[PDB]
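Novice: The structure follows.
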Amino acid sequence: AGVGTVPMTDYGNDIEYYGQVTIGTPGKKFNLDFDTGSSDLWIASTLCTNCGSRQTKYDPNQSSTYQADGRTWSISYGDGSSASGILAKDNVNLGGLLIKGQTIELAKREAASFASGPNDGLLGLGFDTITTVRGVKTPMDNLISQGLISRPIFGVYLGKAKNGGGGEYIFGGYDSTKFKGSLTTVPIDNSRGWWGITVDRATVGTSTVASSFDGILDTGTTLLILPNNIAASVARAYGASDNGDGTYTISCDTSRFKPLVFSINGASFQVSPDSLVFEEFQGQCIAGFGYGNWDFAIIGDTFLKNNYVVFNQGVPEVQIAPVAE
């Protein structure tokens, strides 16, 4: 693949996307979940006492460039998952770009959800204002300062399992074969450390199901999570029923559904009908949108797998366009 290009693997029915990253010298390959919703780079290690036997574990002893650090870390994600351990320093190879002296976080303990998952850790692509440890420079911070990328951006393509899956991240550039038409520039609000944007409105057919609302672009979240009222309004348009746990049950037949359209900075972006259904279990289909008790929306994979996004940490801003398919 090209310089700074990282092929992604689509896990299950568009649950998450992970890519291989080489850490250490000579180094091992790890499957990391690329998450724009957080900013810590942590991986399972041989110091871990409750990690999965299937996870590839970082071994300090097998890396000649490992450097001990006396600090500890602990993180707790929204979905209730967590992990903790100690900090360390080593080289990270991202798509051919060798980041020297990156602060990495070795897990000593991790939630069962991670132990049973498909990834060896997470690669945080959020802003450095939310690293769990103060003073830690993120991979993007280092790619920039070490001159590994000329433009402070990364292009993101997330494929759909129904089309063969896959996906691709390009650090320092983007791929126009992955989207159609012109890219639309959207200003970013990073006041909370996330990639926040404002959606002008959401419509289904001729019905305006929601007025302007804020949200964060999160590659690390499967669904499109909307604030209570907005979610209920969307649900009513499709006839979905509340499962009481933050998810909705929807008709498995999406052939009659109109797309959920978001108006952002003057352009239309949608969640195609097929994406309105996330998973089907024993004849029951769970919707691609859900609800949380937040004032803002978490714009996850349901939306991102339908729209190519160029993240620009420098401005900051994003450029969006419908995926080519």
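Here, A, B, ... name the chains of the structure tokens in the order displayed, residue numbers run from 1 inside each chain, and ligands are numbered from 1 in the same displayed order.
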May I have a table of the residues of stretch 117-215 of chain A lying at most 10 Å from stretch 317-322 of chain A, giving each one's closest pair of atoms and their distance in Å to one decimal, counting only C-alpha atoms, ordered by chain and ascending residue number, as a tab-separated table?

Specialist:
residue	atom	partner	partner_atom	distance
A:153	CA	A:318	CA	8.9
A:154	CA	A:318	CA	9.7
A:155	CA	A:319	CA	9.1
A:156	CA	A:320	CA	9.9
A:176	CA	A:321	CA	9.7
A:178	CA	A:322	CA	8.8
A:179	CA	A:322	CA	5.7
A:180	CA	A:322	CA	5.9
A:181	CA	A:321	CA	6.9
A:182	CA	A:321	CA	6.6
A:183	CA	A:321	CA	5.0
A:184	CA	A:319	CA	5.1
A:185	CA	A:319	CA	4.4
A:186	CA	A:318	CA	5.3
A:187	CA	A:317	CA	4.6
A:188	CA	A:317	CA	4.6
A:189	CA	A:317	CA	8.2
A:190	CA	A:317	CA	9.3
A:195	CA	A:317	CA	8.2
A:196	CA	A:317	CA	9.2
A:197	CA	A:317	CA	8.8

Novice: For those residues, write N, CA and C atoms to a file as an mmCIF file, in the first residue's frame.

Specialist:
data_model
loop_
_atom_site.group_PDB
_atom_site.id
_atom_site.type_symbol
_atom_site.label_atom_id
_atom_site.label_comp_id
_atom_site.auth_asym_id
_atom_site.auth_seq_id
_atom_site.Cartn_x
_atom_site.Cartn_y
_atom_site.Cartn_z
ATOM 1 N N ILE A 153 -3.595 15.866 8.278
ATOM 2 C CA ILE A 153 -4.868 15.217 7.992
ATOM 3 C C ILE A 153 -4.770 13.704 7.835
ATOM 4 N N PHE A 154 -5.928 13.051 7.852
ATOM 5 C CA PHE A 154 -6.018 11.623 7.596
ATOM 6 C C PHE A 154 -7.383 11.360 6.974
ATOM 7 N N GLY A 155 -7.376 10.633 5.856
ATOM 8 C CA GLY A 155 -8.600 10.304 5.143
ATOM 9 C C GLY A 155 -9.146 8.985 5.640
ATOM 10 N N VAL A 156 -10.462 8.910 5.801
ATOM 11 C CA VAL A 156 -11.081 7.702 6.326
ATOM 12 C C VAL A 156 -12.212 7.104 5.498
ATOM 13 N N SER A 176 -9.618 9.987 -3.538
ATOM 14 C CA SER A 176 -10.838 10.399 -4.229
ATOM 15 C C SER A 176 -11.601 9.294 -4.964
ATOM 16 N N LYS A 178 -12.639 6.829 -3.403
ATOM 17 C CA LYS A 178 -13.549 6.380 -2.352
ATOM 18 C C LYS A 178 -14.820 7.210 -2.171
ATOM 19 N N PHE A 179 -14.882 8.386 -2.783
ATOM 20 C CA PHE A 179 -16.074 9.211 -2.642
ATOM 21 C C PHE A 179 -16.510 9.813 -3.967
ATOM 22 N N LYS A 180 -17.727 10.337 -4.003
ATOM 23 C CA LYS A 180 -18.233 10.939 -5.223
ATOM 24 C C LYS A 180 -18.571 12.409 -5.040
ATOM 25 N N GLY A 181 -18.335 13.190 -6.089
ATOM 26 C CA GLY A 181 -18.630 14.607 -6.041
ATOM 27 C C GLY A 181 -17.557 15.434 -5.369
ATOM 28 N N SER A 182 -17.940 16.622 -4.916
ATOM 29 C CA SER A 182 -17.010 17.517 -4.249
ATOM 30 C C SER A 182 -17.071 17.337 -2.740
ATOM 31 N N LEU A 183 -15.940 17.560 -2.083
ATOM 32 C CA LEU A 183 -15.873 17.459 -0.635
ATOM 33 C C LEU A 183 -16.467 18.742 -0.074
ATOM 34 N N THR A 184 -17.164 18.629 1.050
ATOM 35 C CA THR A 184 -17.754 19.793 1.694
ATOM 36 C C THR A 184 -16.953 20.059 2.965
ATOM 37 N N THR A 185 -16.531 21.303 3.161
ATOM 38 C CA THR A 185 -15.761 21.653 4.350
ATOM 39 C C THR A 185 -16.693 21.996 5.506
ATOM 40 N N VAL A 186 -16.403 21.428 6.671
ATOM 41 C CA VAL A 186 -17.209 21.647 7.867
ATOM 42 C C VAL A 186 -16.295 22.003 9.036
ATOM 43 N N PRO A 187 -16.524 23.165 9.669
ATOM 44 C CA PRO A 187 -15.689 23.574 10.801
ATOM 45 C C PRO A 187 -15.863 22.625 11.981
ATOM 46 N N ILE A 188 -14.793 22.434 12.744
ATOM 47 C CA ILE A 188 -14.804 21.544 13.901
ATOM 48 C C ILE A 188 -14.660 22.288 15.229
ATOM 49 N N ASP A 189 -15.435 21.852 16.217
ATOM 50 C CA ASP A 189 -15.382 22.411 17.562
ATOM 51 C C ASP A 189 -14.667 21.349 18.392
ATOM 52 N N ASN A 190 -13.423 21.620 18.780
ATOM 53 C CA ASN A 190 -12.655 20.652 19.561
ATOM 54 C C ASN A 190 -12.511 21.074 21.020
ATOM 55 N N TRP A 195 -14.094 15.546 17.838
ATOM 56 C CA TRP A 195 -14.332 16.157 16.533
ATOM 57 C C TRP A 195 -15.810 16.534 16.474
ATOM 58 N N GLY A 196 -16.141 17.673 17.072
ATOM 59 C CA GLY A 196 -17.523 18.120 17.104
ATOM 60 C C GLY A 196 -17.947 18.951 15.910
ATOM 61 N N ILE A 197 -19.150 18.683 15.419
ATOM 62 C CA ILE A 197 -19.701 19.419 14.290
ATOM 63 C C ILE A 197 -21.153 19.733 14.613
#

Novice: Using DSSP on the backbone, list every residue of stretch 87-204 of chain A that comes out as helix (DSSP H, G or I), and give them as a count of residues only.

Specialist: 17

Novice: Which neighbours of stretch 13-17 of chain A fall inside 10 Å, counting only C-alpha atoms, when residues of the same chain fewer than 2 positions from it are skipped, and could you give them as a ChimeraX atom specification?

Specialist: /A:7-11,19,31-35,118-119,158-162,165-168,219-223,275,278-280,300-302,305

Novice: For atom CA of residue A:311 and atom CA of residue A:37, quote the distance in Å rounded to one decimal.

Specialist: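 Result for atom CA of residue A:311 versus atom CA of residue A:37: 12.7 Å, one decimal.
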
Novice: Please provide the set of residues having any atom within 7 Å of residue A:203, restricted to only C-alpha atoms, with same-chain residues fewer than 4 positions apart removed, written as a list in words.

Specialist: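 Surrounding residues, per the criterion: residues 207, 208, 209, 210, 260, 261 and 262 of chain A.
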
Novice: Residues at most 12 Å from residue A:52, counting only C-alpha atoms, excluding those fewer than 3 positions away in the same chain, as a list in words?

Specialist: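 That gives residues 43, 44, 45, 46, 48, 49, 55, 56, 57, 107, 108, 109, 110, 111, 112, 113, 114, 115, 116, 117, 118, 119, 120 and 121 of chain A.
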
Novice: Measuring between only C-alpha atoms, which one of A:283, A:85, A:2, A:193 shows the shortest distance to residue A:218?

Specialist: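 For residue A:218, the nearest of the candidates is A:193.
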
Novice: Mind giving me the straight-line distance from atom CA of residue A:122 to atom CA of residue A:88 in Å, one decimal?

Specialist: 15.2 Å
